[PDB]
Number of protein chains: 2
Amino acid sequence: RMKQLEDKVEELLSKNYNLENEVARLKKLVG
Amino acid sequence: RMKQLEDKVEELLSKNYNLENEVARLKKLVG
(Lines give C-alpha, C1' and ligand atoms only; values in the text may rest on other atoms or scores of the structure.)
Protein backbone atom coordinates (compact mmCIF):
# COMPACT_ATOMS: atom_id res chain seq x y z
CA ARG A 1 0.00 0.00 0.00
CA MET A 2 3.07 2.18 0.54
CA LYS A 3 4.31 0.84 -2.79
CA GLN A 4 0.87 1.41 -4.28
CA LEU A 5 0.91 5.09 -3.28
CA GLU A 6 4.47 5.41 -4.56
CA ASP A 7 3.39 3.90 -7.89
CA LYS A 8 0.51 6.38 -8.04
CA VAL A 9 2.76 9.37 -7.39
CA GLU A 10 5.10 8.16 -10.17
CA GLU A 11 2.17 7.67 -12.56
CA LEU A 12 0.69 11.13 -11.86
CA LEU A 13 4.10 12.79 -12.32
CA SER A 14 4.48 11.08 -15.72
CA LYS A 15 1.02 12.28 -16.71
CA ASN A 16 1.90 15.78 -15.48
CA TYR A 17 5.05 15.93 -17.58
CA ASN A 18 3.02 14.70 -20.59
CA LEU A 19 0.55 17.52 -20.03
CA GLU A 20 3.35 20.06 -19.54
CA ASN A 21 4.85 18.98 -22.88
CA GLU A 22 1.47 19.40 -24.57
CA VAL A 23 1.01 22.88 -23.08
CA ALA A 24 4.45 23.83 -24.34
CA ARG A 25 3.69 22.65 -27.89
CA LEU A 26 0.38 24.55 -27.95
CA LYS A 27 2.00 27.73 -26.61
CA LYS A 28 4.67 27.43 -29.30
CA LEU A 29 1.84 27.39 -31.87
CA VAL A 30 0.12 30.43 -30.33
CA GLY A 31 3.31 32.38 -29.52
CA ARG B 1 4.78 8.81 5.52
CA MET B 2 1.60 7.10 4.32
CA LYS B 3 -0.11 10.45 4.85
CA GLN B 4 2.80 12.19 3.13
CA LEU B 5 2.40 10.02 0.02
CA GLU B 6 -1.35 10.56 0.11
CA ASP B 7 -0.80 14.32 0.29
CA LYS B 8 1.55 14.08 -2.69
CA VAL B 9 -0.94 12.14 -4.78
CA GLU B 10 -3.61 14.76 -3.97
CA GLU B 11 -1.23 17.61 -4.86
CA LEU B 12 -0.19 16.03 -8.19
CA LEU B 13 -3.84 15.38 -9.13
CA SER B 14 -4.68 19.05 -8.46
CA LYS B 15 -1.74 20.11 -10.63
CA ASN B 16 -2.86 17.67 -13.33
CA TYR B 17 -6.38 19.08 -13.41
CA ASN B 18 -4.89 22.60 -13.59
CA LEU B 19 -2.83 21.53 -16.59
CA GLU B 20 -5.82 19.80 -18.19
CA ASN B 21 -7.82 23.02 -17.85
CA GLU B 22 -4.99 24.99 -19.48
CA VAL B 23 -4.77 22.51 -22.37
CA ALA B 24 -8.51 22.83 -22.88
CA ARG B 25 -8.36 26.64 -23.00
CA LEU B 26 -5.48 26.59 -25.50
CA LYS B 27 -7.25 24.03 -27.72
CA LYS B 28 -10.35 26.22 -27.65
CA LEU B 29 -8.18 29.07 -28.99
CA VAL B 30 -6.66 26.89 -31.74
CA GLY B 31 -9.86 24.99 -32.62
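Scoring rules and cut-offs
- Residues numbered from 1 in each chain as written, not as in the entry; some residues may be left out.
- Chains lettered and ligands numbered in written order.
- Heavy atoms only, no water.
- Least-squares fit on C-alpha atoms.
- Patch = residues over 30% accessible without salt bridge, like charges linked within 9 Å, V, L, I, M, F, W, Y side chains within 5 Å.
- Areas by Shrake-Rupley, 256 points an atom, 1.4 Å probe, with all protein chains shown as cover.
- Salt bridge = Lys/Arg side-chain N within 4 Å of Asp/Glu carboxyl O.
- Helix = DSSP H or I, 4+ residues; strand = E, 2+ residues; numbered from the N terminus.
- Axes fitted to C-alpha atoms, helices over the stretch in contact; angles between N-to-C directions.
- Parallel < 35°, antiparallel > 145°, perpendicular 65-115°, else oblique.
- Left-handed = near helix turned anticlockwise from the far one by under 90°.
- Nonpolar A, V, L, I, M, F, W, Y, C, P; charged D, E, K, R; others polar.

Its PDB record attributes the structure to X-ray crystallography, giving the resolution as 1.8000 Å.

So, on to the relation of the copies chain B and chain A. The transformation that overlays chain B on chain A combines an axial shift of 0.0 Å with a rotation of 180 degrees, and the residual RMSD is 0.0 Å. Those values place the two copies in the arrangement expected of a two-fold rotation axis.

We now examine a nonpolar patch on the surface. Side chains of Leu29(A), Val30(A), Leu29(B) and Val30(B) sit close together on the surface and give an oily, nonpolar patch of about 390 Å² of accessible area. Listed by contribution, the elements that provide at least two residues to the nonpolar patch are α1 (2-30) of chain A together with α1 (2-30) of chain B. Here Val30(B) lies in helix α1.

On to the packing of α1(A) against α1(B), then. In the contact formed by α1(A) and α1(B), the axes pass within 9 Å of each other and the chain directions differ by 20 degrees. The angle between α1(A) and α1(B) falls in the class roughly parallel. Pair α1(A) / α1(B) crosses with left-handed handedness. Considering only residue class, the contact of α1(A) with α1(B) consists of 20 nonpolar, two polar and twelve charged.

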